[PDB]
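Count residues from 1 along the sequence. As a basis for the values below, the full set of heavy atoms in this structure was taken, side chains included, without hydrogen atoms, waters or symmetry mates.
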Amino acid sequence: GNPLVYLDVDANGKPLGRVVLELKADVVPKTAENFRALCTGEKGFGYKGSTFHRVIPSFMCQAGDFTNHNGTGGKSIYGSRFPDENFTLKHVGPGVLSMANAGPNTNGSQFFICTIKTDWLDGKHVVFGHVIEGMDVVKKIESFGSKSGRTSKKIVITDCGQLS
Ligand SMILES: O[C@@H]1CO[C@@H]2C[C@H]1Nc1ccc(F)cc12
Ligand SMILES: O[C@@H]1CO[C@@H]2C[C@H]1Nc1ccc(F)cc12
């Protein structure tokens, strides 16, 4: 079946809790595999020790830039970027896990967790999972955001991996 992955998040060195995500490998296997391996760190690089660098209240919480920590970086397990697998899953509401990008077919490692229905991103961003547990943690992350995306606290993924 589909993998379950986790992100243990800190805000200025104090733990906020765990966000558990279901990766829709059934619909987007390439995109789900990329995220899964980046959580376990089995390819020699991944999300552990990196940040939520772009957090916007009433929109989303963006992370995944483990190379530059500023929105210009991160990489996939396949290479520096990979194609948009498909646009089958929609940005239906809060809790949606989707890929961050810089235009068509520029998927790396950067991703976001929606805090609202982001329907205008359908056909532009690849949806590949959703929050199973820890939406209270996502809401804590959100509260440390601003309109610019700048965080008021340093939000770090201290640990991440695969549950099943
Ligand atoms: O072709 C340009 C240059 O490279 C990629 C795709 C596209 N826009 C962009 C923006 C930010 C970034 F960090 C990386 C990129
Ligand atoms: O190679 C691609 C395109 O450029 C960088 C690295 C990688 N993924 C990504 C995603 C969002 C973004 F804003 C910037 C990037």
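Scanning all heavy atoms of the two residues, the minimum distance from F144 to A11 falls at CE1-CB, 3.8 Å. For the pair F112 and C114, the tightest heavy-atom approach, listed with the atom from each and the gap, is CE1-SG, 3.5 Å. Across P94 and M135, no two heavy atoms sit closer than the pair CB-CE, 4.1 Å. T106 approaches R81 most closely through the heavy-atom pair CG2-NH1, 3.8 Å. Minimum interatomic distance between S146 and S148 (heavy atoms only, all atoms of both residues): OG-OG, 2.9 Å. Taking each heavy atom of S58 and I116 in turn, the nearest pair found is O-CD1, 3.3 Å.
For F128 and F111, the distance between ring centers is not under 6.0 angstrom.
If you take CZ on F35 and OG on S109, they are separated by 10.0 Å, rounding to the nearest 0.5 Å. The SG atom of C61 lies 9.5 Å from the CD1 atom of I56; values are rounded to the nearest 0.5 Å.
Between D119 and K117 there is no salt bridge, since no side-chain N of the basic residue sits under 4.0 Å from a carboxylate O of the acidic one. Ion pair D122/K90 not flagged as a salt bridge, since none of the NZ, NE, NH1 or NH2 atoms sits closer than 4.0 Å to an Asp/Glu carboxylate oxygen.
For the side chain to side chain contact (heavy atoms under 4.5 Å, CB included) test with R18, the passing option among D159, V137, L7, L163 is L163; the others fail. Of the candidates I155, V138, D65, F52 forms a side chain to side chain contact (heavy atoms under 4.5 Å, CB included) with just one, namely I155.
Figure legend: cation-pi geometry between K30 and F82 absent, as NZ or CZ is not positioned both under 6.0 Å from the six-membered ring centre and within 45° of its axis.
At a threshold of 4.5 Å between non-hydrogen side-chain atoms, the residues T118 and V96 do not count as touching. Within the 4.5 Å cutoff, no side-chain heavy atoms of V9 are placed close to those of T158.
Checked by atom type, the side-chain pair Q162/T40 shows no donor-acceptor distance below 3.5 Å. When only modelled atom types and interatomic distance are considered, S98 and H91 share a side-chain donor-acceptor pair under 3.5 Å.
In terms of modelled atom types and a separation under 3.5 Å, the side chain of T31 and the main chain of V28 share no donor-acceptor contact. The main-chain N or O of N105 is found under 3.5 Å from a side-chain atom of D84 such that the two form a donor-acceptor pair.
Identified under the side chain to side chain donor-acceptor pair (under 3.5 Å) test for residues 123-135, with sequence neighbours left out: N101-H125.
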Going through the checks in order, is the side chain to side chain contact (heavy atoms under 4.5 Å, CB included) test met by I157 and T51? CA-CA 6 Å; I157 302 164; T51 75; over 6 Å; no
